[PDB]
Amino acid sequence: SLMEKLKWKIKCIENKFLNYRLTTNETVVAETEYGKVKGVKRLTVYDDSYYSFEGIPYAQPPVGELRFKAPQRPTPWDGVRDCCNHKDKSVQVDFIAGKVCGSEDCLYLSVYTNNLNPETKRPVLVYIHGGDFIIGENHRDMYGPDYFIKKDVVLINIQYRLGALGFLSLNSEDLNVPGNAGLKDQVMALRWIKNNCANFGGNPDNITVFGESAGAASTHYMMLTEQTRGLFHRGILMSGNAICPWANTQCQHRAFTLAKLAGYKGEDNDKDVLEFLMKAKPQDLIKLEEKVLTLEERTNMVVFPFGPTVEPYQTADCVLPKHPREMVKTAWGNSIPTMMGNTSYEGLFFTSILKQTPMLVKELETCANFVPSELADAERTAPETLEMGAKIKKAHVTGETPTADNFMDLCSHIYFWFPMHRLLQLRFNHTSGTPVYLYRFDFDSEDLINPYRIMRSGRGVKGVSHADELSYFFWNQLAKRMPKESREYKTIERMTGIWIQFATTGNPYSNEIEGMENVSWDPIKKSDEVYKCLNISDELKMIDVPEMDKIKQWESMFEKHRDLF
């Protein structure tokens, strides 16, 4: 809406001046393996303080011949690199302005801590942002460390290449563009963190990686790939994982289509296509991505044209040599403590889409288009496919006529709950007993929000949508100082506290977190038929996952196809 665009611009300006008033005149120098960096001490609105290093390069700028290639190690420097200000985000369409922004020069991470010379080495928490592999950033207007730095941790926020610039993939081995450049960026950042966190007070023997949405899929990929074996010690998957249907795609044939949209006049061979794309303006490629998917791919419900892919040939930096379902079977990360969770109304995220085209509710008449693609016939007309759709329909259509709320409830399961069930069950076959803990974020407030609520046209909407929990982990430009006694402030304390406790010990329970006294938070066992989770609302309560019945109804579609579950 034009009104929300104006209110956003106003908030951008007020936030810029708030950030000036939160900057002190105290700067500090830290060591890295590539040279010295200068950071600055900042305040929060709660009068905590932290040292801030932004714009630390973990790779060469991926420009010129390095476009579409795996990241290369950065060049060291003499002197002191200024890390007192942020760098640009990866080239992307701005989620509110509707225009391309960012730069190819985006391979940076930021480090935050309340004390550069602590008395004891600290848990290191590494956040990988979401945004469907096409948007996102580590700027503090979205991901402020202000809540975590209340406690004695080191927090690190990474960037990685997005869209076609991060995820182009070509079959021809001679061209060295196998795919997943953006995931390889994440690998290089994690290697930097392992080798450098001690210079900021961090414990390289106690690193936790976490992320939400595509950042959860990313964290999971970082737990699956051999490239990162042993680099970190706990993982937290917030509303996503690497076997979600939206988390990967085979995009090798789409480079030609993108080139044609950008003015390419030649034939479909990888060498000529790549040479054209190497000369194209990066803003043009990113703007045209919305047009890349063909009529057939849209019909088949492919979501994004470029993203994580199974790489077509092996390279030294290869991240995904097989489908993630197969990678789970040998994954090093199955042996580290893991926490997984979702919000209590994930699919509310699709509110504005159902407002744009209300006829989507007609998809619930047969639900044939929601049957998992590995179970469905090509036409989605086979009797078995319709009987599977009828099972989906009975799980989510609660009244005589399907409603938008029924549709959004279905979305919660197809995109989040069912893939998490499938992952837990697949993983129980390939782990030596390392614990996995479930949470359910169920705290609803409009007094502390984040920019995702604007994206989903969620003002005035009740329910705990996808990404609503981020307001309780990170300061952002729409946030405000909350009273100590407020339900929102308590939720910040609880969410950061649980994450820090888990990062420290691999067990998310602590009697020092308020309202967690009487909680017995046991991890999921292989023989459990019903998952339990810590439900986070105004109270903290262990419950059987309310979504279980529906999860089991989705699982029942595989009763005659157990090999595919």
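Just count from 1 along the sequence shown to find any residue number.
As the entry records it, the average C-alpha temperature factor is higher for 386-394, out of 416-424 and 386-394.
Here the stretch with the larger average CA B-factor, out of 216-224 and 433-441, is 433-441. Across the options 302, 106, 318, 255, the residue with the most elevated CA B-factor in the record is 302. Comparing the C-alpha B-factors of 187, 247, 360, 153 in the entry, the top value falls on 360. Per-chain ranking of the deposited C-alpha B factor places residue 117 in the highest third.
The PDB entry assigns residue 333 a C-alpha temperature factor belonging to the lowest third of its chain's modelled residues. Ranked by C-alpha B-factor against the other modelled residues of its chain, residue 142 falls in the middle third.
Sort the modelled residues of the chain by CA B factor and residue 504 lands in the middle third. Ranked by Cα temperature factor within the chain, residue 42 sits in the lowest third according to the deposited record.
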